[PDB]
file work00.cif (mmCIF, N, CA and C atoms)
data_start
loop_
_atom_site.label_atom_id
_atom_site.label_comp_id
_atom_site.auth_asym_id
_atom_site.auth_seq_id
_atom_site.Cartn_x
_atom_site.Cartn_y
_atom_site.Cartn_z
N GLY J 1 27.09 -3.79 -10.01
CA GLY J 1 26.89 -2.35 -10.30
C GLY J 1 26.72 -2.07 -11.78
N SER J 2 26.07 -2.99 -12.48
CA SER J 2 25.84 -2.84 -13.91
C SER J 2 24.35 -2.88 -14.24
N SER J 3 23.63 -3.81 -13.61
CA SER J 3 22.20 -3.94 -13.82
C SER J 3 21.46 -2.66 -13.44
N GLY J 4 21.23 -1.80 -14.42
CA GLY J 4 20.53 -0.55 -14.17
C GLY J 4 19.25 -0.43 -14.96
N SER J 5 19.17 0.60 -15.80
CA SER J 5 17.99 0.83 -16.62
C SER J 5 18.19 0.27 -18.03
N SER J 6 17.14 -0.33 -18.58
CA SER J 6 17.19 -0.90 -19.92
C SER J 6 16.11 -0.31 -20.81
N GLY J 7 16.49 0.03 -22.04
CA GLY J 7 15.53 0.60 -22.97
C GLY J 7 15.37 2.10 -22.78
N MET J 8 14.21 2.50 -22.27
CA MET J 8 13.92 3.91 -22.05
C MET J 8 12.59 4.09 -21.31
N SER J 9 12.67 4.25 -20.00
CA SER J 9 11.47 4.43 -19.18
C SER J 9 10.54 3.22 -19.30
N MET J 10 9.46 3.23 -18.53
CA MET J 10 8.50 2.14 -18.55
C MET J 10 7.20 2.57 -19.24
N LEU J 11 7.10 2.27 -20.53
CA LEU J 11 5.92 2.63 -21.30
C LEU J 11 4.81 1.60 -21.10
N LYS J 12 4.02 1.79 -20.04
CA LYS J 12 2.92 0.88 -19.73
C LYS J 12 1.72 1.65 -19.20
N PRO J 13 0.94 2.28 -20.09
CA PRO J 13 -0.25 3.04 -19.70
C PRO J 13 -1.21 2.23 -18.84
N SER J 14 -2.38 2.80 -18.56
CA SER J 14 -3.38 2.12 -17.75
C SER J 14 -4.52 1.60 -18.62
N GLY J 15 -5.15 2.49 -19.37
CA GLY J 15 -6.24 2.10 -20.24
C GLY J 15 -7.12 3.27 -20.64
N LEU J 16 -7.95 3.73 -19.71
CA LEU J 16 -8.85 4.85 -19.97
C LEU J 16 -8.07 6.16 -20.02
N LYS J 17 -8.17 6.86 -21.14
CA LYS J 17 -7.48 8.14 -21.31
C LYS J 17 -8.38 9.17 -21.98
N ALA J 18 -8.73 10.21 -21.23
CA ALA J 18 -9.59 11.27 -21.75
C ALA J 18 -9.80 12.36 -20.70
N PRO J 19 -10.24 11.99 -19.49
CA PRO J 19 -10.48 12.95 -18.40
C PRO J 19 -9.20 13.68 -18.00
N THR J 20 -9.34 14.98 -17.72
CA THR J 20 -8.20 15.79 -17.32
C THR J 20 -8.58 16.76 -16.21
N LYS J 21 -9.56 16.36 -15.39
CA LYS J 21 -10.02 17.20 -14.29
C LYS J 21 -10.76 16.36 -13.25
N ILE J 22 -11.16 17.00 -12.16
CA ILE J 22 -11.88 16.32 -11.09
C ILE J 22 -13.34 16.76 -11.04
N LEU J 23 -14.22 15.83 -10.68
CA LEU J 23 -15.65 16.12 -10.59
C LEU J 23 -16.42 14.91 -10.08
N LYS J 24 -17.71 15.10 -9.84
CA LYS J 24 -18.56 14.02 -9.35
C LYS J 24 -20.00 14.20 -9.83
N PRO J 25 -20.28 13.86 -11.10
CA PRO J 25 -21.62 13.98 -11.68
C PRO J 25 -22.59 12.95 -11.11
N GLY J 26 -23.85 13.34 -10.97
CA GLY J 26 -24.85 12.44 -10.44
C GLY J 26 -25.78 13.11 -9.45
N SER J 27 -26.79 13.80 -9.96
CA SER J 27 -27.75 14.50 -9.12
C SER J 27 -29.18 14.07 -9.44
N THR J 28 -29.33 12.83 -9.87
CA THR J 28 -30.65 12.29 -10.21
C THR J 28 -31.09 11.24 -9.20
N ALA J 29 -32.37 10.89 -9.24
CA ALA J 29 -32.92 9.90 -8.33
C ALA J 29 -33.29 8.62 -9.07
N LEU J 30 -32.64 7.52 -8.70
CA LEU J 30 -32.90 6.23 -9.33
C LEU J 30 -32.58 6.28 -10.82
N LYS J 31 -31.49 5.64 -11.21
CA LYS J 31 -31.08 5.61 -12.61
C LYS J 31 -31.26 4.21 -13.20
N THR J 32 -30.57 3.24 -12.62
CA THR J 32 -30.66 1.86 -13.09
C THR J 32 -30.86 0.90 -11.92
N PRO J 33 -31.73 -0.12 -12.09
CA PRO J 33 -32.00 -1.10 -11.04
C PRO J 33 -30.84 -2.07 -10.84
N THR J 34 -29.72 -1.55 -10.35
CA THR J 34 -28.54 -2.37 -10.11
C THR J 34 -28.46 -2.81 -8.65
N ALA J 35 -28.51 -4.12 -8.43
CA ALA J 35 -28.45 -4.67 -7.08
C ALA J 35 -27.01 -4.98 -6.68
N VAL J 36 -26.78 -5.09 -5.38
CA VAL J 36 -25.45 -5.39 -4.86
C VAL J 36 -25.36 -6.82 -4.35
N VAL J 37 -24.18 -7.20 -3.87
CA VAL J 37 -23.97 -8.54 -3.35
C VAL J 37 -24.28 -8.61 -1.85
N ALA J 38 -24.36 -9.83 -1.33
CA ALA J 38 -24.65 -10.03 0.09
C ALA J 38 -23.50 -10.74 0.79
N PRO J 39 -22.57 -9.97 1.39
CA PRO J 39 -21.41 -10.53 2.09
C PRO J 39 -21.80 -11.24 3.39
N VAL J 40 -23.04 -11.01 3.84
CA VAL J 40 -23.53 -11.63 5.06
C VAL J 40 -24.26 -12.93 4.77
N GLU J 41 -24.71 -13.60 5.83
CA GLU J 41 -25.43 -14.86 5.69
C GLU J 41 -26.55 -14.96 6.72
N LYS J 42 -27.43 -15.94 6.54
CA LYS J 42 -28.55 -16.15 7.45
C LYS J 42 -28.06 -16.68 8.80
N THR J 43 -28.55 -16.09 9.88
CA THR J 43 -28.16 -16.50 11.22
C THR J 43 -29.36 -16.49 12.16
N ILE J 44 -30.19 -17.53 12.06
CA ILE J 44 -31.38 -17.64 12.90
C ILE J 44 -31.22 -18.76 13.93
N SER J 45 -30.44 -19.78 13.57
CA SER J 45 -30.22 -20.92 14.46
C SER J 45 -28.93 -20.73 15.26
N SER J 46 -28.71 -19.52 15.75
CA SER J 46 -27.51 -19.22 16.53
C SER J 46 -26.25 -19.47 15.72
N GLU J 47 -25.10 -19.25 16.34
CA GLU J 47 -23.82 -19.46 15.68
C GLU J 47 -23.65 -18.51 14.49
N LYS J 48 -22.55 -17.76 14.49
CA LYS J 48 -22.28 -16.82 13.41
C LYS J 48 -20.85 -16.97 12.90
N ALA J 49 -20.64 -16.64 11.63
CA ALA J 49 -19.32 -16.75 11.03
C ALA J 49 -18.81 -18.18 11.07
N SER J 50 -17.53 -18.36 10.76
CA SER J 50 -16.92 -19.69 10.77
C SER J 50 -15.61 -19.68 11.55
N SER J 51 -14.59 -19.03 10.99
CA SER J 51 -13.29 -18.96 11.64
C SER J 51 -12.69 -20.35 11.82
N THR J 52 -11.57 -20.60 11.15
CA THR J 52 -10.90 -21.89 11.24
C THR J 52 -9.54 -21.85 10.55
N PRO J 53 -9.53 -21.62 9.22
CA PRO J 53 -8.28 -21.56 8.45
C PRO J 53 -7.34 -20.47 8.95
N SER J 54 -6.44 -20.85 9.85
CA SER J 54 -5.48 -19.90 10.42
C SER J 54 -4.15 -19.97 9.68
N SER J 55 -3.36 -18.91 9.79
CA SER J 55 -2.06 -18.85 9.13
C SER J 55 -0.93 -18.89 10.15
N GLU J 56 0.20 -19.46 9.75
CA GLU J 56 1.36 -19.56 10.63
C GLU J 56 2.19 -18.28 10.58
N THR J 57 2.50 -17.83 9.37
CA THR J 57 3.29 -16.61 9.19
C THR J 57 4.66 -16.75 9.84
N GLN J 58 5.62 -17.25 9.07
CA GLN J 58 6.98 -17.43 9.56
C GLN J 58 7.75 -16.11 9.54
N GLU J 59 8.84 -16.06 10.30
CA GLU J 59 9.67 -14.86 10.37
C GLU J 59 10.74 -14.87 9.29
N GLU J 60 11.61 -15.87 9.33
CA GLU J 60 12.68 -15.99 8.35
C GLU J 60 13.60 -14.78 8.39
N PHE J 61 14.60 -14.77 7.52
CA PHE J 61 15.55 -13.66 7.45
C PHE J 61 14.99 -12.52 6.61
N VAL J 62 14.17 -11.68 7.22
CA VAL J 62 13.57 -10.55 6.52
C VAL J 62 14.62 -9.50 6.18
N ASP J 63 15.08 -9.51 4.94
CA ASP J 63 16.09 -8.56 4.49
C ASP J 63 15.82 -8.13 3.05
N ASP J 64 14.55 -8.08 2.67
CA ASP J 64 14.16 -7.69 1.32
C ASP J 64 12.65 -7.58 1.20
N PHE J 65 12.19 -6.75 0.26
CA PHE J 65 10.76 -6.56 0.04
C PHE J 65 10.45 -6.46 -1.45
N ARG J 66 9.17 -6.51 -1.78
CA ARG J 66 8.73 -6.42 -3.17
C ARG J 66 7.70 -5.32 -3.35
N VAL J 67 7.74 -4.65 -4.50
CA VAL J 67 6.80 -3.57 -4.79
C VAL J 67 5.41 -4.12 -5.07
N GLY J 68 4.41 -3.56 -4.40
CA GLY J 68 3.04 -4.00 -4.59
C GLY J 68 2.59 -4.96 -3.50
N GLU J 69 3.14 -4.79 -2.31
CA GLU J 69 2.79 -5.64 -1.18
C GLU J 69 2.39 -4.80 0.03
N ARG J 70 1.49 -5.35 0.85
CA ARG J 70 1.02 -4.65 2.04
C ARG J 70 1.99 -4.85 3.21
N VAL J 71 2.48 -3.75 3.76
CA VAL J 71 3.41 -3.81 4.89
C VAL J 71 3.02 -2.80 5.97
N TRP J 72 3.49 -3.06 7.19
CA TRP J 72 3.19 -2.18 8.32
C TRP J 72 4.45 -1.46 8.78
N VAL J 73 4.54 -0.17 8.48
CA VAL J 73 5.70 0.63 8.87
C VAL J 73 5.76 0.79 10.38
N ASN J 74 6.92 0.50 10.96
CA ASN J 74 7.11 0.61 12.40
C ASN J 74 6.15 -0.32 13.15
N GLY J 75 5.64 -1.33 12.45
CA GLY J 75 4.72 -2.27 13.07
C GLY J 75 3.42 -1.62 13.49
N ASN J 76 2.96 -0.65 12.71
CA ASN J 76 1.71 0.05 13.01
C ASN J 76 1.41 1.10 11.94
N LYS J 77 1.48 0.70 10.68
CA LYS J 77 1.21 1.61 9.57
C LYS J 77 1.07 0.84 8.26
N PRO J 78 -0.12 0.28 7.99
CA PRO J 78 -0.38 -0.48 6.76
C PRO J 78 -0.24 0.38 5.51
N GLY J 79 0.49 -0.13 4.52
CA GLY J 79 0.69 0.60 3.29
C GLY J 79 1.19 -0.28 2.17
N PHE J 80 1.30 0.29 0.97
CA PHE J 80 1.76 -0.46 -0.19
C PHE J 80 3.09 0.10 -0.70
N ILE J 81 4.09 -0.77 -0.81
CA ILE J 81 5.41 -0.37 -1.28
C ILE J 81 5.38 -0.03 -2.77
N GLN J 82 5.85 1.16 -3.10
CA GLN J 82 5.88 1.60 -4.49
C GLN J 82 7.32 1.70 -5.00
N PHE J 83 8.23 2.08 -4.11
CA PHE J 83 9.64 2.21 -4.47
C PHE J 83 10.51 1.32 -3.59
N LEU J 84 11.58 0.78 -4.17
CA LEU J 84 12.49 -0.09 -3.44
C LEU J 84 13.91 0.02 -4.00
N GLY J 85 14.77 0.74 -3.29
CA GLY J 85 16.14 0.90 -3.73
C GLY J 85 16.83 2.08 -3.07
N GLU J 86 17.75 2.71 -3.79
CA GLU J 86 18.48 3.86 -3.28
C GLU J 86 17.83 5.16 -3.71
N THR J 87 17.93 6.18 -2.87
CA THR J 87 17.35 7.49 -3.17
C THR J 87 18.38 8.41 -3.80
N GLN J 88 17.98 9.65 -4.05
CA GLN J 88 18.87 10.64 -4.65
C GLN J 88 19.18 11.77 -3.68
N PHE J 89 18.99 11.51 -2.39
CA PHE J 89 19.25 12.51 -1.36
C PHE J 89 20.16 11.95 -0.27
N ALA J 90 19.91 10.71 0.12
CA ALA J 90 20.70 10.06 1.15
C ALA J 90 21.23 8.70 0.67
N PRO J 91 22.51 8.40 0.95
CA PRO J 91 23.13 7.13 0.54
C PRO J 91 22.65 5.95 1.38
N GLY J 92 21.83 5.09 0.78
CA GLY J 92 21.32 3.94 1.48
C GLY J 92 20.10 3.34 0.81
N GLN J 93 19.47 2.38 1.47
CA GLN J 93 18.28 1.72 0.93
C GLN J 93 17.01 2.29 1.56
N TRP J 94 16.03 2.61 0.72
CA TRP J 94 14.77 3.16 1.20
C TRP J 94 13.59 2.44 0.56
N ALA J 95 12.38 2.73 1.05
CA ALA J 95 11.17 2.11 0.52
C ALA J 95 10.00 3.08 0.57
N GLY J 96 9.54 3.51 -0.60
CA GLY J 96 8.42 4.43 -0.67
C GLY J 96 7.08 3.72 -0.55
N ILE J 97 6.52 3.72 0.66
CA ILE J 97 5.24 3.07 0.91
C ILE J 97 4.10 4.09 0.92
N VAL J 98 2.90 3.64 0.58
CA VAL J 98 1.73 4.51 0.56
C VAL J 98 0.76 4.16 1.68
N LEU J 99 0.71 5.01 2.70
CA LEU J 99 -0.18 4.79 3.83
C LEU J 99 -1.64 4.93 3.42
N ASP J 100 -2.54 4.43 4.26
CA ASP J 100 -3.97 4.50 3.98
C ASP J 100 -4.65 5.53 4.89
N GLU J 101 -3.90 6.55 5.28
CA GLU J 101 -4.42 7.60 6.15
C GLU J 101 -3.52 8.83 6.13
N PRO J 102 -4.09 10.03 6.33
CA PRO J 102 -3.33 11.28 6.34
C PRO J 102 -2.43 11.40 7.57
N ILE J 103 -1.47 10.49 7.69
CA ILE J 103 -0.55 10.50 8.81
C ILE J 103 0.89 10.31 8.35
N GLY J 104 1.18 10.77 7.14
CA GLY J 104 2.52 10.64 6.60
C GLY J 104 3.34 11.91 6.74
N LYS J 105 4.29 12.11 5.84
CA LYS J 105 5.14 13.30 5.87
C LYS J 105 5.45 13.78 4.46
N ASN J 106 5.99 12.88 3.63
CA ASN J 106 6.33 13.22 2.26
C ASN J 106 5.23 12.79 1.30
N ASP J 107 5.35 13.20 0.04
CA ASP J 107 4.37 12.85 -0.98
C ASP J 107 5.00 12.02 -2.09
N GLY J 108 6.00 11.22 -1.73
CA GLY J 108 6.68 10.39 -2.70
C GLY J 108 7.55 11.19 -3.65
N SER J 109 8.20 12.21 -3.12
CA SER J 109 9.08 13.06 -3.93
C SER J 109 10.10 13.78 -3.06
N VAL J 110 11.36 13.75 -3.49
CA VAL J 110 12.44 14.39 -2.75
C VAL J 110 13.23 15.34 -3.65
N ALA J 111 13.21 16.62 -3.31
CA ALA J 111 13.93 17.63 -4.08
C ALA J 111 13.45 17.66 -5.53
N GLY J 112 12.17 17.34 -5.72
CA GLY J 112 11.61 17.33 -7.06
C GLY J 112 11.63 15.96 -7.70
N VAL J 113 12.52 15.10 -7.22
CA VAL J 113 12.64 13.75 -7.75
C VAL J 113 11.44 12.89 -7.36
N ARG J 114 10.66 12.48 -8.36
CA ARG J 114 9.48 11.66 -8.12
C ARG J 114 9.84 10.18 -8.15
N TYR J 115 9.74 9.53 -7.00
CA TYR J 115 10.05 8.11 -6.89
C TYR J 115 8.80 7.26 -7.10
N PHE J 116 7.70 7.69 -6.50
CA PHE J 116 6.44 6.97 -6.63
C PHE J 116 5.25 7.90 -6.43
N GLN J 117 4.35 7.93 -7.41
CA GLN J 117 3.17 8.78 -7.34
C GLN J 117 2.21 8.30 -6.26
N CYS J 118 1.87 9.19 -5.34
CA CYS J 118 0.96 8.85 -4.25
C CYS J 118 0.26 10.10 -3.72
N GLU J 119 -0.60 9.91 -2.73
CA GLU J 119 -1.34 11.02 -2.14
C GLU J 119 -0.53 11.69 -1.04
N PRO J 120 -0.76 13.00 -0.80
CA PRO J 120 -0.04 13.75 0.23
C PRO J 120 -0.21 13.14 1.62
N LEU J 121 0.77 13.40 2.49
CA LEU J 121 0.74 12.88 3.85
C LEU J 121 0.49 11.37 3.87
N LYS J 122 1.20 10.65 3.01
CA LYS J 122 1.06 9.20 2.92
C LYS J 122 2.37 8.56 2.48
N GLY J 123 2.97 9.11 1.42
CA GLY J 123 4.21 8.57 0.92
C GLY J 123 5.39 8.90 1.81
N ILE J 124 5.82 7.93 2.60
CA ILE J 124 6.95 8.12 3.51
C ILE J 124 8.14 7.26 3.10
N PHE J 125 9.34 7.76 3.36
CA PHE J 125 10.56 7.03 3.02
C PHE J 125 11.20 6.43 4.26
N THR J 126 11.06 5.11 4.41
CA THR J 126 11.62 4.41 5.56
C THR J 126 12.33 3.14 5.11
N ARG J 127 13.17 2.60 6.00
CA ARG J 127 13.92 1.38 5.69
C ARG J 127 13.00 0.16 5.67
N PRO J 128 13.18 -0.75 4.70
CA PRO J 128 12.36 -1.96 4.58
C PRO J 128 12.38 -2.80 5.86
N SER J 129 13.54 -2.84 6.51
CA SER J 129 13.69 -3.61 7.74
C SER J 129 12.71 -3.15 8.81
N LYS J 130 12.32 -1.88 8.75
CA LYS J 130 11.38 -1.32 9.72
C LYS J 130 9.96 -1.81 9.45
N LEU J 131 9.69 -2.16 8.20
CA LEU J 131 8.37 -2.65 7.82
C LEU J 131 8.09 -4.02 8.43
N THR J 132 6.82 -4.32 8.65
CA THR J 132 6.42 -5.60 9.23
C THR J 132 5.14 -6.11 8.59
N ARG J 133 4.96 -7.43 8.59
CA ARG J 133 3.78 -8.05 8.01
C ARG J 133 2.64 -8.12 9.03
N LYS J 134 1.53 -7.47 8.71
CA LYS J 134 0.37 -7.47 9.59
C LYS J 134 0.72 -6.85 10.94
N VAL J 135 -0.31 -6.49 11.70
CA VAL J 135 -0.12 -5.89 13.02
C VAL J 135 0.16 -6.95 14.07
N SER J 136 1.17 -6.72 14.90
CA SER J 136 1.54 -7.66 15.95
C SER J 136 2.37 -6.97 17.03
N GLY J 137 2.28 -7.48 18.25
CA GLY J 137 3.03 -6.91 19.35
C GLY J 137 3.04 -7.80 20.58
N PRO J 138 3.17 -7.22 21.79
CA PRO J 138 3.20 -7.98 23.04
C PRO J 138 2.00 -8.92 23.16
N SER J 139 1.91 -9.60 24.30
CA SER J 139 0.81 -10.53 24.55
C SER J 139 -0.03 -10.08 25.74
N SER J 140 -0.15 -8.77 25.90
CA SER J 140 -0.92 -8.21 27.00
C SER J 140 -2.41 -8.22 26.68
N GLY J 141 -2.79 -7.47 25.65
CA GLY J 141 -4.19 -7.40 25.25
C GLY J 141 -4.65 -5.98 24.97
#

call {"tool": "encode", "arguments": {"input": "work00.cif", "output": "structure tokens"}}
result
Amino acid sequence: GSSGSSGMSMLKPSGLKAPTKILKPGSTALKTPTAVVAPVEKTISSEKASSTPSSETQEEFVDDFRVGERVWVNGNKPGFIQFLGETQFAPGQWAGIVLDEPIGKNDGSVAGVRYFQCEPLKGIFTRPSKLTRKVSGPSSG
């Protein structure tokens, strides 16, 4: 019960600093001849894709998580953990994850206390134990 905060906040900006509003400029036709990549491949002689390198994914004693990892809340909600620890409203361990869809409840803030900056209806506070790696369930189909 000693290892707490050291120094004074986390002074680690991002990089680009100037914009202070929202917008989407670009109403012209053809600006620069910029080509994209080709994630696909030639398939004329039948057979598509490859598929081979499979993963085992062990269970182990799941009793901890790390910030900046993809997890599935309730085994059906992919998101990124932003907060990991105790809250300022309820006594216990919580995890502020950021969902990838407008199906959340909180916005990463409780009673004004900002735990992790995220988009509305995405930042939910749930127990890490509830989180799961990748989607998985019964063997029905």

call {"tool": "atom_distance", "arguments": {"input": "work00.cif", "atom1": "CA of residue 65 in chain J", "atom2": "CA of residue 85 in chain J"}}
result
9.9 Å

call {"tool": "atom_distance", "arguments": {"input": "work00.cif", "atom1": "atom C of residue 105 in chain J", "atom2": "atom C of residue 123 in chain J"}}
result
5.6 Å

call {"tool": "atom_distance", "arguments": {"input": "work00.cif", "atom1": "atom N of residue 78 in chain J", "atom2": "CA of residue 57 in chain J"}}
result
17.3 Å

call {"tool": "closest_residue", "arguments": {"input": "work00.cif", "among": "J:23, J:110, J:44, J:73", "to": "residue 127 in chain J", "atoms": "all atoms listed in the file"}}
result
J:73

call {"tool": "select_by_dssp", "arguments": {"input": "work00.cif", "residues": "range 77-119 of chain J", "states": "strand (DSSP E)", "output": "list in words"}}
result
residues 78, 79, 80, 81, 82, 83, 84, 85, 86, 93, 94, 95, 96, 97, 98, 99, 109, 110, 113 and 114 of chain J

call {"tool": "resolve_selection", "arguments": {"input": "work00.cif", "expression": "the PyMOL selection byres (((chain J and resi 128 and name CA) around 10) and name CA)", "output": "VMD selection string"}}
result
chain J and resid 62 to 66 71 to 74 81 84 to 85 93 to 97 125 to 127 129 to 132

call {"tool": "resolve_selection", "arguments": {"input": "work00.cif", "expression": "the PyMOL selection byres (((chain J and resi 115 and name CA) around 9) and name CA)", "output": "ChimeraX atom specification"}}
result
/J:82-83,87,96,108-110,113-114,116-117

call {"tool": "residues_near_point", "arguments": {"input": "work00.cif", "point": "(-0.2, 11.8, 6.1)", "cutoff": "9 Å", "atoms": "only C-alpha atoms", "output": "mmCIF file with N, CA and C atoms, keeping the file's coordinate frame"}}
result
data_model
loop_
_atom_site.group_PDB
_atom_site.id
_atom_site.type_symbol
_atom_site.label_atom_id
_atom_site.label_comp_id
_atom_site.auth_asym_id
_atom_site.auth_seq_id
_atom_site.Cartn_x
_atom_site.Cartn_y
_atom_site.Cartn_z
ATOM 1 N N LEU J 99 0.710 5.010 2.700
ATOM 2 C CA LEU J 99 -0.180 4.790 3.830
ATOM 3 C C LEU J 99 -1.640 4.930 3.420
ATOM 4 N N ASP J 100 -2.540 4.430 4.260
ATOM 5 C CA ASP J 100 -3.970 4.500 3.980
ATOM 6 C C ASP J 100 -4.650 5.530 4.890
ATOM 7 N N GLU J 101 -3.900 6.550 5.280
ATOM 8 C CA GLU J 101 -4.420 7.600 6.150
ATOM 9 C C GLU J 101 -3.520 8.830 6.130
ATOM 10 N N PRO J 102 -4.090 10.030 6.330
ATOM 11 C CA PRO J 102 -3.330 11.280 6.340
ATOM 12 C C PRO J 102 -2.430 11.400 7.570
ATOM 13 N N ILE J 103 -1.470 10.490 7.690
ATOM 14 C CA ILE J 103 -0.550 10.500 8.810
ATOM 15 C C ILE J 103 0.890 10.310 8.350
ATOM 16 N N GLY J 104 1.180 10.770 7.140
ATOM 17 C CA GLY J 104 2.520 10.640 6.600
ATOM 18 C C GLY J 104 3.340 11.910 6.740
ATOM 19 N N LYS J 105 4.290 12.110 5.840
ATOM 20 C CA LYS J 105 5.140 13.300 5.870
ATOM 21 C C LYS J 105 5.450 13.780 4.460
ATOM 22 N N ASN J 106 5.990 12.880 3.630
ATOM 23 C CA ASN J 106 6.330 13.220 2.260
ATOM 24 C C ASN J 106 5.230 12.790 1.300
ATOM 25 N N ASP J 107 5.350 13.200 0.040
ATOM 26 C CA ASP J 107 4.370 12.850 -0.980
ATOM 27 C C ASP J 107 5.000 12.020 -2.090
ATOM 28 N N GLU J 119 -0.600 9.910 -2.730
ATOM 29 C CA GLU J 119 -1.340 11.020 -2.140
ATOM 30 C C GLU J 119 -0.530 11.690 -1.040
ATOM 31 N N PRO J 120 -0.760 13.000 -0.800
ATOM 32 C CA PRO J 120 -0.040 13.750 0.230
ATOM 33 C C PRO J 120 -0.210 13.140 1.620
ATOM 34 N N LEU J 121 0.770 13.400 2.490
ATOM 35 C CA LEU J 121 0.740 12.880 3.850
ATOM 36 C C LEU J 121 0.490 11.370 3.870
ATOM 37 N N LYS J 122 1.200 10.650 3.010
ATOM 38 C CA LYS J 122 1.060 9.200 2.920
ATOM 39 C C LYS J 122 2.370 8.560 2.480
ATOM 40 N N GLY J 123 2.970 9.110 1.420
ATOM 41 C CA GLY J 123 4.210 8.570 0.920
ATOM 42 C C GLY J 123 5.390 8.900 1.810
ATOM 43 N N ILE J 124 5.820 7.930 2.600
ATOM 44 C CA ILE J 124 6.950 8.120 3.510
ATOM 45 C C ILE J 124 8.140 7.260 3.100
#

call {"tool": "decode", "arguments": {"input": "work00.cif", "residues": "range 70-84 of chain J", "atoms": "N, CA and C atoms", "output": "short mmCIF file (atom, residue, chain, number, x, y, z; two decimals), in the first residue's frame"}}
result
data_model
loop_
_atom_site.label_atom_id
_atom_site.label_comp_id
_atom_site.auth_asym_id
_atom_site.auth_seq_id
_atom_site.Cartn_x
_atom_site.Cartn_y
_atom_site.Cartn_z
N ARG J 70 -6.29 -6.19 -26.47
CA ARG J 70 -7.63 -6.48 -26.96
C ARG J 70 -8.28 -7.59 -26.13
N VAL J 71 -9.45 -7.29 -25.57
CA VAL J 71 -10.17 -8.25 -24.75
C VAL J 71 -11.65 -8.27 -25.11
N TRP J 72 -12.32 -9.37 -24.79
CA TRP J 72 -13.75 -9.51 -25.07
C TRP J 72 -14.56 -9.53 -23.78
N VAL J 73 -15.26 -8.43 -23.51
CA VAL J 73 -16.07 -8.33 -22.31
C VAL J 73 -17.25 -9.30 -22.37
N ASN J 74 -17.42 -10.07 -21.30
CA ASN J 74 -18.51 -11.04 -21.23
C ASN J 74 -18.40 -12.07 -22.36
N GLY J 75 -17.20 -12.21 -22.92
CA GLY J 75 -16.99 -13.16 -24.00
C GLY J 75 -17.78 -12.81 -25.25
N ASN J 76 -17.93 -11.52 -25.51
CA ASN J 76 -18.66 -11.06 -26.69
C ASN J 76 -18.67 -9.54 -26.77
N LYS J 77 -17.49 -8.94 -26.63
CA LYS J 77 -17.36 -7.48 -26.69
C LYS J 77 -15.90 -7.07 -26.81
N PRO J 78 -15.34 -7.09 -28.03
CA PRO J 78 -13.94 -6.71 -28.27
C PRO J 78 -13.67 -5.25 -27.91
N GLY J 79 -12.60 -5.02 -27.16
CA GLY J 79 -12.25 -3.67 -26.76
C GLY J 79 -10.82 -3.57 -26.27
N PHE J 80 -10.38 -2.34 -26.00
CA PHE J 80 -9.02 -2.11 -25.52
C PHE J 80 -9.03 -1.56 -24.10
N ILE J 81 -8.31 -2.23 -23.20
CA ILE J 81 -8.24 -1.82 -21.81
C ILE J 81 -7.43 -0.53 -21.66
N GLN J 82 -8.03 0.47 -21.02
CA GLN J 82 -7.37 1.75 -20.81
C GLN J 82 -7.05 1.96 -19.34
N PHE J 83 -7.92 1.46 -18.47
CA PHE J 83 -7.73 1.59 -17.03
C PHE J 83 -7.70 0.23 -16.35
N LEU J 84 -6.88 0.11 -15.31
CA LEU J 84 -6.76 -1.15 -14.58
C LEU J 84 -6.41 -0.89 -13.11
#
